[PDB]
Every structure is written in structure tokens, then in C-alpha cells.
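Colleague: Pasting in a structure now, in C-alpha cells, and then I'll have a few things to ask.
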Amino acid sequence: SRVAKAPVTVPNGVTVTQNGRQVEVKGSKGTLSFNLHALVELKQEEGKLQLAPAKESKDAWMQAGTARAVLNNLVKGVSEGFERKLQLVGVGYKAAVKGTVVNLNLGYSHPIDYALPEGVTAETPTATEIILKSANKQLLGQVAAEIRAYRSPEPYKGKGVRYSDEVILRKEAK
RNA sequence: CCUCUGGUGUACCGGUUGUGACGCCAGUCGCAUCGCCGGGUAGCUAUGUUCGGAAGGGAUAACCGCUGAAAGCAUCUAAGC
């Protein structure tokens with residue numbers, strides 16, 4: 001596995017400590033935890049870390065590749081973090097962050113109130129744009145998917161909630 | 001379930017035909033589908049009255065995912081959620 005062979009780099013401020021199976025990653029943004037598969041071993045020499053299979057199994061190489069990918073994402077998150085940039089399209093569709101709760105008006109007969117979980121922050125510079133920032137890539141993606149699910153893009157006008165980097169299929173009636 | 005609206009209610013009240021009897025008048029009783037007819041207390045009862053299938057947790061089906069390699073990409077899946 002080319003990924004599993006590739007070495008991940010500790011920037012500087014982040015500290016990665018293995019405790020048996022339960023590897024922990026510390027950084028400026030916060031604390032993250034990741035478990036290890038029985039076939040996976042992690043060796044931290046210098047700044048770099050090496051994920052290598054315990055045995056020569058194909059499953060072991062697979063698990064090593066995923067383990068390295070997750071740890072690389074965790075390190076990048078604790079060092080710098082990720083952001084999402086959700087967008088709204090359609091007349092009357094609006095969003096506003098108030099405290100930790102995002103209030104959305106998406107053409108229904110009732111407003112929608114979405115409570116962000118701990119670790120994700122949101123802001124609306126404009127009424128039709130939402131910025132989500134987090135250290136946990138998986139949790140950030142889950143939050144973005146949940147928010148998008150309230151009103152998905154439709155092909156005839158593109159109205160709804162979308163990712164900025166999202167291709168929208170379009171057609172027309174008749 | 002029986003407060004209300006009704007049905008029934010042959011041991012509750014009344015009108016009335018024929019006949020027989022209580023010595024007779026008066027007053028009553030037997031029999032005639034409870035003789036026939038008009039009402040009707042409780043109980044039972046529906047066509048009458050009230051109530052119920054409200055709300056919420058957990059695991060899922062099809063389906064929709066997040067992150068993610070095998071397979072440097074992609075990928076809901078193989079680990080994990």
C-alpha cells in the first residue's frame with residue numbers, strides 16, 4: 001500500500017502519543033483519539049511516523065493504509081483544521097448563526113433550528129453562506145451532510161443547500 | 001354505562017265487552033292471548049350517553065450517507081461512525 005508506506009509528518013506543536021491500541025493526538029486546536037487495528041503498528045521516529053503491518057497480510061496492509069490516512073487527517077486537523085463553505089440558493093432561503101445553533105429558513109411553513117455538536121463552529125458572513133470549521137474532518141463532514149439534508153439541490157433550478165465544490169446536474173421540463 | 005332520549009316492563013294504576021259468582025243494590029272477583037285497550041316504577045337494554053386506537057423511546061428494511069484504504073484516484077465498508 002503506497003499510502004501505508006508514505007510517511008506522515010508531525011509539524012511541531014502537535015504531540016502524538018501511543019498508549020497501547022489507543023493513539024492520542026494533541027495540538028493547538030484540541031485533543032483527538034484514534035484506535036489501532038490488531039494488525040497495525042505505529043513507530044514514531046523523529047517528527048515522522050511510520051505505519052507498518054504487523055504481518056504481511058493483505059488485510060494488514062489495508063488496515064495500515066487506513067490507519068495512516070486517519071492519523072494524517074487528525075494531525076492536519078489539530079494543527080490547522082478544515083472548513084466547509086455551505087451555500088444556499090433560492091428566493092427566501094436564509095441562514096443565521098446565533099450562539100451554537102444555526103437557524104435556517106428553507107421555504108417550509110416552519111423555521112428549522114440545528115444544534116451544532118461540540119467541536120464544530122459556524123458563521124454566516126452573508127445570509128446565503130455558511131462557514132463550518134472544525135478539527136475533526138469526519139465530524140465536520142457529518143455536520144455538513146446533516147445541514148445539507150434539510151433541502152437538497154433539485155435539478156430544475158438548483159435551489160437548496162449545496163456544497164461550494166459540488167457539481168449540480170440540471171435539466172428542464174419538456 | 002343507564003344521568004339524558006326511547007323499548008320492554010304477564011306481581012303498578014286506570015278505561016271497557018261477554019259471561020258466572022260473592023243472597024240482592026252498590027262494590028268486587030274468576031275466565032276469555034296479560035280478554036281487549038291507555039299509561040308506567042326499578043332491572044335489562046340501543047337506536048341513547050361517555051370513552052379508546054394520543055404521545056414517546058430502542059434496533060432495523062429498502063434507500064441516503066460521513067470518514068476511509070485495499071486499488072497514490074475514486075469508493076456508504078473491508079477497520080470506525
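Letters A, B, ... go to the chains of the C-alpha cells in the order shown; residues in each chain start at 1; ligands are counted from 1 in the same order.
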Name the residues of stretch 108-150 of chain A that fall into alpha helix (DSSP H) according to DSSP on the backbone, using the chain letters and numbers of this document, as a ChimeraX atom specification.
Modeller: /A:137-149
Colleague: For the interface of chain B with chain A (cut-off 12 Å, counting only C-alpha atoms (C1' of nucleotides)), please tabulate each contacting residue of chain B alongside its nearest pair of atoms and their separation in Å to one decimal, rows sorted by chain and increasing number, as a tab-separated table.
Modeller:
residue	atom	partner	partner_atom	distance
B:64	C1'	A:149	CA	9.2
B:65	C1'	A:145	CA	7.6
B:66	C1'	A:142	CA	4.9
B:67	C1'	A:138	CA	4.7
B:68	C1'	A:66	CA	6.0
B:69	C1'	A:66	CA	4.8
B:70	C1'	A:62	CA	5.0
B:71	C1'	A:1	CA	8.7
B:72	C1'	A:2	CA	6.0
B:77	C1'	A:66	CA	11.8
B:78	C1'	A:59	CA	8.1
B:79	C1'	A:63	CA	6.4
B:80	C1'	A:35	CA	8.8
B:81	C1'	A:138	CA	8.3
Colleague: Can you list, as a ChimeraX atom specification, every residue of chain A that DSSP puts in strand (DSSP E or B)?
Modeller: /A:8-9,15-19,22-26,31-34,40-44,48-53,82-83,86-89,94-98,101-105,112-115,120-123,129-134,160-163
Colleague: Generate a file of the selected residues that holds C-alpha atoms, formatted as a JSON list (two decimals), in the first residue's frame.
Modeller:
[["chain", "number", "residue", "atom", "x", "y", "z"],
["A", 8, "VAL", "CA", 3.31, 11.27, 7.89],
["A", 9, "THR", "CA", 4.98, 14.36, 9.35],
["A", 15, "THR", "CA", 2.20, 15.71, 20.09],
["A", 16, "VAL", "CA", 1.26, 12.14, 19.14],
["A", 17, "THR", "CA", 1.39, 9.61, 21.98],
["A", 18, "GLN", "CA", 0.64, 5.92, 21.58],
["A", 19, "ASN", "CA", -0.92, 4.15, 24.56],
["A", 22, "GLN", "CA", -5.32, 3.96, 21.77],
["A", 23, "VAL", "CA", -3.23, 6.58, 19.99],
["A", 24, "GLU", "CA", -3.85, 10.18, 21.08],
["A", 25, "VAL", "CA", -3.05, 13.33, 19.10],
["A", 26, "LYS", "CA", -2.65, 16.75, 20.74],
["A", 31, "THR", "CA", -7.48, 16.64, 21.53],
["A", 32, "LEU", "CA", -8.25, 13.71, 19.23],
["A", 33, "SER", "CA", -8.22, 9.95, 19.78],
["A", 34, "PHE", "CA", -7.83, 7.03, 17.36],
["A", 40, "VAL", "CA", -1.31, -2.30, 12.64],
["A", 41, "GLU", "CA", 1.84, -0.97, 14.31],
["A", 42, "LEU", "CA", 2.91, 2.68, 14.60],
["A", 43, "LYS", "CA", 6.55, 3.76, 15.00],
["A", 44, "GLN", "CA", 7.25, 7.43, 15.76],
["A", 48, "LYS", "CA", 7.86, 11.36, 11.07],
["A", 49, "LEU", "CA", 5.57, 8.44, 11.87],
["A", 50, "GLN", "CA", 5.57, 5.07, 10.11],
["A", 51, "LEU", "CA", 2.50, 2.84, 9.81],
["A", 52, "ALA", "CA", 3.60, -0.70, 9.00],
["A", 53, "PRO", "CA", 1.73, -4.01, 9.05],
["A", 82, "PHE", "CA", -10.79, 22.25, 7.98],
["A", 83, "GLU", "CA", -13.67, 24.41, 6.74],
["A", 86, "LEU", "CA", -22.04, 25.57, 2.51],
["A", 87, "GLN", "CA", -24.14, 27.71, 0.16],
["A", 88, "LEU", "CA", -27.86, 28.48, -0.20],
["A", 89, "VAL", "CA", -29.78, 29.07, -3.43],
["A", 94, "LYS", "CA", -31.77, 32.30, 4.60],
["A", 95, "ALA", "CA", -29.48, 31.15, 7.41],
["A", 96, "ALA", "CA", -28.13, 32.72, 10.59],
["A", 97, "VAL", "CA", -25.78, 31.53, 13.33],
["A", 98, "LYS", "CA", -26.95, 32.55, 16.81],
["A", 101, "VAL", "CA", -27.45, 27.00, 16.95],
["A", 102, "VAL", "CA", -27.95, 27.60, 13.23],
["A", 103, "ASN", "CA", -31.40, 28.91, 12.29],
["A", 104, "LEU", "CA", -32.50, 28.14, 8.73],
["A", 105, "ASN", "CA", -35.44, 29.31, 6.64],
["A", 112, "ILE", "CA", -35.51, 24.87, 11.33],
["A", 113, "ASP", "CA", -33.10, 25.04, 14.27],
["A", 114, "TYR", "CA", -29.97, 22.88, 14.09],
["A", 115, "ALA", "CA", -27.79, 22.39, 17.17],
["A", 120, "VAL", "CA", -17.74, 22.47, 15.08],
["A", 121, "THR", "CA", -18.17, 26.23, 14.72],
["A", 122, "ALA", "CA", -20.37, 28.06, 12.22],
["A", 123, "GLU", "CA", -20.67, 31.62, 10.92],
["A", 129, "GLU", "CA", -23.40, 31.35, 3.05],
["A", 130, "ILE", "CA", -22.36, 29.19, 6.00],
["A", 131, "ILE", "CA", -18.80, 28.60, 7.18],
["A", 132, "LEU", "CA", -18.17, 25.47, 9.25],
["A", 133, "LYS", "CA", -14.77, 24.98, 10.85],
["A", 134, "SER", "CA", -13.52, 22.03, 12.87],
["A", 160, "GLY", "CA", -31.49, 24.35, -1.96],
["A", 161, "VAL", "CA", -28.41, 23.86, 0.20],
["A", 162, "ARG", "CA", -25.23, 22.84, -1.60],
["A", 163, "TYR", "CA", -21.52, 22.40, -1.16]]
Colleague: Considering only C-alpha atoms (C1' of nucleotides), can you say which of B:7, B:15, B:30, B:23 comes closest to residue B:45?
Modeller: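 Answer, going by the shortest atom-to-atom distance: B:7.
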Colleague: What separation in Å, quoted to one decimal, exists between atom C1' of residue B:62 and atom CA of residue A:106?
Modeller: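 One can read the atom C1' of residue B:62 to atom CA of residue A:106 distance as 27.6 Å.
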